[PDB]
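Readers should treat all values here as calculations from the given coordinates under stated rules, not as data from a laboratory. Every residue, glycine among them, receives a Cβ derived from its backbone with ideal geometry; neighbour counts consider all protein chains shown.
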Amino acid sequence: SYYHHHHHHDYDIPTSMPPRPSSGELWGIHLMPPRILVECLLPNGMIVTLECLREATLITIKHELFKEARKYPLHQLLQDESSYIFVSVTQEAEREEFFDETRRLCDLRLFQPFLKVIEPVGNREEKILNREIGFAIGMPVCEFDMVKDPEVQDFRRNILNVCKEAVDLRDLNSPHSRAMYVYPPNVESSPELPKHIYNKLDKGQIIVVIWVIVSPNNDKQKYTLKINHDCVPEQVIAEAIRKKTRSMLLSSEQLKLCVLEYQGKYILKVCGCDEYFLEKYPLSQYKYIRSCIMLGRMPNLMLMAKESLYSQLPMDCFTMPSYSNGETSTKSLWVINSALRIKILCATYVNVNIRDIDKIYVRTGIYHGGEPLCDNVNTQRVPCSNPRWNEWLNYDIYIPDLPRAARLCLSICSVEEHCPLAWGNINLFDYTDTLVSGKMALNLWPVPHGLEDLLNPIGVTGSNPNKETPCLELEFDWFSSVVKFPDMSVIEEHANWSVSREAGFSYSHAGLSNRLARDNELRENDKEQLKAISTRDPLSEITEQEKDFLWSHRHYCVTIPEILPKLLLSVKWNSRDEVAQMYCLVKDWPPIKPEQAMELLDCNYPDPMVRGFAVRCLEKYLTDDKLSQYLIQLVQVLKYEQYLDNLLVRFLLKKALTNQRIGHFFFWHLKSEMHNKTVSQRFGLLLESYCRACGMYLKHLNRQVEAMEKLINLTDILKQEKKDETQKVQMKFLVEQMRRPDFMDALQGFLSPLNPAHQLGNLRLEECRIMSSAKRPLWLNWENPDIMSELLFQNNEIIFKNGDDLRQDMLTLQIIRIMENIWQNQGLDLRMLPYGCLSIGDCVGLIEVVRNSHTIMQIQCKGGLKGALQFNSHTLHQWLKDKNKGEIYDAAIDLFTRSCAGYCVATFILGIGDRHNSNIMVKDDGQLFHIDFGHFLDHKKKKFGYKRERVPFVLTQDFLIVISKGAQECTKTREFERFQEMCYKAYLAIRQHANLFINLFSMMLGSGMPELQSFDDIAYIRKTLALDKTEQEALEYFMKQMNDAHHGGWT
Amino acid sequence: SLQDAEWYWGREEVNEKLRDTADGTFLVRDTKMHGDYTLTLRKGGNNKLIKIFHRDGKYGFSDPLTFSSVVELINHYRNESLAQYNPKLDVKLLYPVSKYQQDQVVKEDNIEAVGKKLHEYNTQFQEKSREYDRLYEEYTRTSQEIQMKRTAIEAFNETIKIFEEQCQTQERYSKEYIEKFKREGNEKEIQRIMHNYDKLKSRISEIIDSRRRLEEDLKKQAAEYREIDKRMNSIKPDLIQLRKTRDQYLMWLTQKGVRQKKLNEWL
Ligand SMILES: Cc1cc2cc([N+](=O)[O-])ccc2[nH]1
Ligand SMILES: Cc1ccnc(N)c1[N+](=O)[O-]
Ligand SMILES: [Cl-]
């Protein structure tokens, strides 16, 4: 009766956590057997299978093998064991000589359990610590040596320029400048203090605490100052010593003379983590301090002897590696007198249902981001079967009009039954500036999730490396000579000509789409329209009228630097006449602010000259602070560079090698995307550079990498073979495994990748556990091994997650963090908690634990009375009161109300996954913050969607009650008037910065996040910020949008 | 008429109606202190926006103003190209695709039962997008598992090389120690050397048989890899049309009765 007795005949009942797989410890298997047989191959030709413990060091195995070989024949033909080194084939297929004989049999990544014995060939043992490098990278360095392609090999040789220059800036005024590399000063960009931070002082004073140690260790001494906020480390170091060394036996004169000898022997640590105050900066500028002010804490710094610090840094000692345009006056591009034509030939491997699909063809187009001519296909020949067209396609653009950054985008399709099978793009010029001519073999990529479009030009330039995929080969016209792109020298003349040329035209002519009467005077109404355009965001697409308008006024546009992005998108990249002129404007256009100049490194600006300008903008303005904030966007935006070797890559590489905080994250983001073949080689090459030149940090990174591999294995066993076991049984497995000595070794002494300031010491195992999620995240706990553990945090905990794909979270938390800054530094205190996140792999990562915070759900479980009936709206408030009592209470609501206001506005603007009791968290102190963001820009709107403009944070009663102390009819207090006024002021504050937020999302299109496949994904943020309106409308828009989710409140 | 006008609607949702149409498709849009209307012409997967200015009666792009209405200006350019006004626009306003989507949708004027179809098609769609997604994971898992096999084979082959060398390595040092002396040990010595050598080659034999057995699984994997792609590309074209009908149905409704909020139960 329920189903109309309609049977589903197909259906048969027989027949979370998804990103697998990999293997770990031996070829077949995740975890090598605890006792194991290993074939030891000797020089004499004997094999002696040796039973070994899983965990045994190679010294042990060698030592025992040369005992056990005695009992086999030919023992007289062996040397002393000391004249031998183990070698074997690893899972990466390379024969690795095993120099570090302390390494354990499980930790070798052996392919088969066997070991060959040899006297060590390659007399520079030192040199063959590229094993260090390739371990850090995750592919062996020798895998590059064998790459044919000369761009690759040229990258490797030429990038060393950058490395050597950075190493020089380190050992310049060493040891100080070395210490400066390792422990850069962690400070805010501005020294100016917001008015709300200042007002937490006594007209600019802070109580501080300087700690000290004298003998032997184990006794420390407070020296509790009350210095000016804007005084500097040196001044604070003095006052600490002054008060330390005042006495009844010391005159005042005698004191100053003991202070001067003492003062410069010390530098300021932070108690509890490896931060240090190493340059003239207002104390208030250092991030630690400014937190201590906001959190109502008394800074705990340590006076540390410079020589005990300079004890702790060893030399980086940079080594140039083993790896240390010739034709003639070749033909200029502008001499070639023909249109472009491109010979298609044959696809080979096209996988299509011939029953389903009629006929298939190659689509093509020339592009520059958007396209220099009519797109064309070829005829629908050899409908499927063995698809073969031996056509020439003919493109209406003269070969001289091809701009330097020009690229062919092609795609095999099916037939209005139009449908892309594969795709691939090619740079029309090579890295040496040489117009591509002859035969090409291009292996194609498969069409991604969202891309219904036929052709895909934003996708990466180059072939697919996966051999077994549609290889569509082809041929380019050959002009009896290698054609090159004209020099700048040449281009400057042709521009100067086109300029002079432009002056003597008739006015009769100057009435068609350019120049005009204006001349050097212009019009005021014109000048009014130009800054009006300029202020528009990047996604408010410009009309042909405005393009021609902007292009004519290109010379005035130099007065308004910030217009450049708009102007460049007005240039007709097909009229080389135009482009040559734009090359001259850009040559010495005024530099612009980095937040603006980043737009010029997205996909829509692929020209070298433009992107150089953009790097020049950064080189000038962008601080080590602001680089480190925007670093994900800058590493990502490398995917849109044409060649391996370029100015942006040389910028970042140098920053990385100059400042080890950047270096640290610069590694991990590259290493993170290593699995993804669109970037495997590029980023590997680059990581090789970094790793070769970063000094000792390689060895530190190598421990972090070793630790993450151990954790990836552990969870991978737990997720595949210990599924369908009890938490109970699983935990017995986890603790057992963690106690083995190879884990104890590999997981205990290292730096947190979430933040390498924190050390991770011994791991307290009693507090380690598998969380309850199906993905089997590990909750890991380490003892902070600092001298002052106690003063900061005694235990350190971070969550490792084997499923999931953190990089959406990673970005939204990064976005949040920027909104907080935008707000706070513009004087308004909304307290967001951008809890740390870091992806290290293919759906793998680390999430900062926030101690003393609970999901609303937990609040309501712990406040739910007697027999399970209904939860109380007040429990939140009742639970919060129980924590905060007295004058403390009033500030705990202010906090809730401030943090709730910001998290309302950010959430609504970003459209993050719907908020509900199990993903909203409140702390003991009363601060609110969201976790588990899901998909950001309303990516569940692919299913229906359409102008939904959703409210994800919908303040239930629960929230409202707390906001208005305890009133009934909460929506009516002044407590809530204020809250709304926070929300409106914050909503508008982000609206004035929406250029950035667009550009930040624009830079992220590079990554393969399904939430960001193309610019209209990003365009949701326009509606929600309401950028096509006035701000007053936008306010009312927001109020409207806010009103209808709560049904009453907002006017 | 000028409110109806087929192509007249009156930014994002323009681009979504323009998405995946051919070279020549168009429509018109509406700050007023900017201009009045906006022609949005599509050319080779890209959207060309052309400004419509209104002052003393005339409606135009710039100079050639004598067209007394909005509909006057568009019919003129449906027949003709745009190059005579502004150079690099030698493409017409060919496809005025803005039918109010009564072309099919079973011509259903039911209102309610058109909405039932919208659920039906959107369930088929949402089902289909999972199948597409499911298969894309299989594809990319398989691409990986394959190359891991390809690497494993090289490792196997390299392992074999070290063992092929080892059986050869002993021949040299063993058959020096057969001929010198010979009576010393003799069968005692050479047997227990012959044993070691007999282990060594049958081991190689196993190893090689281990590699082969991988390779046969590689072809079977590589075969299935093709079968996934094969069926991805079967599902792809239905998925676009099933999607396209579900836009036109949802549009046909949001012509007459606005009911933007009523939709979410079906969808
Ligand atoms: C994962 C990551 C955490 C983080 C923290 C800061 N910071 O607030 O200093 C700057 C950049 C960062 N990247
Ligand atoms: C913004 C936008 C929208 C549609 N097609 C385009 N080519 C485009 N664009 O030029 O980045
Ligand atoms: Cl958390």
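A few notes on this one:
- Taken residue by residue and averaged, Cβ atoms of other chains lying within 10 Å of the Cβ of B:227-238 number 5.
- 3J(HN,Hα) couplings calculated from phi for segment A:636-648 with the Karplus curve 6.51 cos²θ - 1.76 cosθ + 1.60 (θ = phi - 60°) are, in sequence order, 4, 6, 4, 3, 8, 7, 6, 10, 4, 8, 6, 5, 4 Hz; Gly and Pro show x.
- Ordering A:190-203, B:241-254, A:498-511 by mean Cβ neighbour count within 10 Å, with the highest value first, yields B:241-254, A:190-203, A:498-511.
- In terms of its C-alpha gyration tensor, chain B comes out prolate, because a/c is 1.5 or above and the ratio a/b outweighs b/c.
- Global form of chain A, assessed from the alpha-carbon gyration tensor, a/c cut-off 1.5: rounded
- Taking a point 7 Å out from the Cα of A:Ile36 in the direction of its Cβ, the residues of segment A:710-729 whose backbone N falls within less than 16 Å of it are A:710-711, A:713-714, A:717.
- Average Cα contact separation per residue, segment A:742-882, under 8 Å, 6 or more apart, as relative contact order %: 16
- Difference of contour (0.36 nm per residue) and Cα-Cα distance, A:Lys940 to A:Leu451: 174.4 nm
- Segment A:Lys164-A:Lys256, extension gain: residue separation times 0.36 nm, minus the distance between their alpha carbons: 28.7 nm
- Projecting the Cα atoms of B:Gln221, B:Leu118, B:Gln241 onto the charge dipole of segment B:109-267 (Cβ charges, centred on the Cα centre) puts B:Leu118 farthest toward the positive pole.
- Spacing of the modelled spin labels on A:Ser177 and A:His854, each 7 Å from Cα toward Cβ, amounts to 5.5 nm.
- Protection proxy ranking of A:77-86, A:991-1000, A:655-664, by the mean of other Cβ atoms within 10 Å over each peptide's residues and highest first, is A:655-664, A:991-1000, A:77-86.
- Rounded to 0.05, the FRET efficiency of the A:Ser918 and A:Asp724 pair, given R0 = 30 Å and the Cβ-Cβ distance, is 0.75.
- Residues listed by number, segment A:894-935, amide nitrogen under 18 Å from A:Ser16 label point at 7 Å toward C-beta: A:913-921, A:930-935
- Here the simple spin-label model places points 7 Å from the Cα toward Cβ, and for A:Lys287 and A:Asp80 these points are separated by 5.3 nm.
- Close amide-amide hydrogen proximity is noted between A:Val377 and A:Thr364, each under 5 Å apart and 5 or more residues distant or on a separate chain (H modeled in the peptide plane; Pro and chain starts excluded).
- Going by neighbour counts of Cβ atoms within 10 Å, the residues A:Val214, A:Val362 line up, fewest first, as A:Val214, A:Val362.
- Fraction of antiparallel bridges per DSSP, chain A only, in percent to nearest 5: 90
- For the segment B:165-173, counting C-beta atoms of other chains within 10 Å of every residue's C-beta and taking the mean gives 4.
- 3J(HN,Hα) along segment B:114-126, derived from phi through the Karplus expression 6.51 cos²θ - 1.76 cosθ + 1.60 where θ = phi - 60°, amounts to 5, x, 5, 4, 4, 5, 4, 5, 5, 6, 4, 4, 4 Hz, with x in place of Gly and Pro.
- With a Förster radius of 60 Å applied to the beta-carbon distance between A:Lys1029 and B:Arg226, the computed FRET efficiency rounds to 0.70.
- Averaged over the residues of A:38-45, the number of partner chain Cβ atoms lying within 10 Å of the residue Cβ comes to 5.
- Ranked list, fewest to most other Cβ atoms within 10 Å of each Cβ, for B:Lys149, A:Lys269: B:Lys149, A:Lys269
- Options A:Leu698, A:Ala495, A:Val182, ranked by Cα towards positive dipole end of the protein assembly as shown, top entry (Cβ charges): A:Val182
- Proximity of backbone amide H atoms, modeled 1.01 Å from N, is registered between A:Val844 and A:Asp805, A:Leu806 at under 5 Å, excluding neighbours fewer than 5 places apart on the same chain.
- Take the Cα of B:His54, go 7 Å toward its beta carbon, and the backbone nitrogen atoms of segment B:1-22 under 12 Å from that spot belong to B:2-3, B:10.
- If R0 equals 41 Å, the separation of the Cβ atoms of A:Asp487 and A:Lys531 corresponds to a calculated FRET efficiency of about 0.70.
- Rg ratio (alpha-carbon, reference 2.2 N^0.38 Å) - segment B:1-108: 1.09
- Look at A:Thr897, A:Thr60 and count the other Cβ atoms within 10 Å of each Cβ; fewest to most, that gives A:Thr60, A:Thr897.
- Amide H partners (placed H, <5 Å) of A:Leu760, local residues excluded: A:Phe750, A:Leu751, A:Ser752
- Estimated inter-spin distance, A:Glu1036 and A:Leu201, nm [label 7 Å along Cα→Cβ]: 4.4
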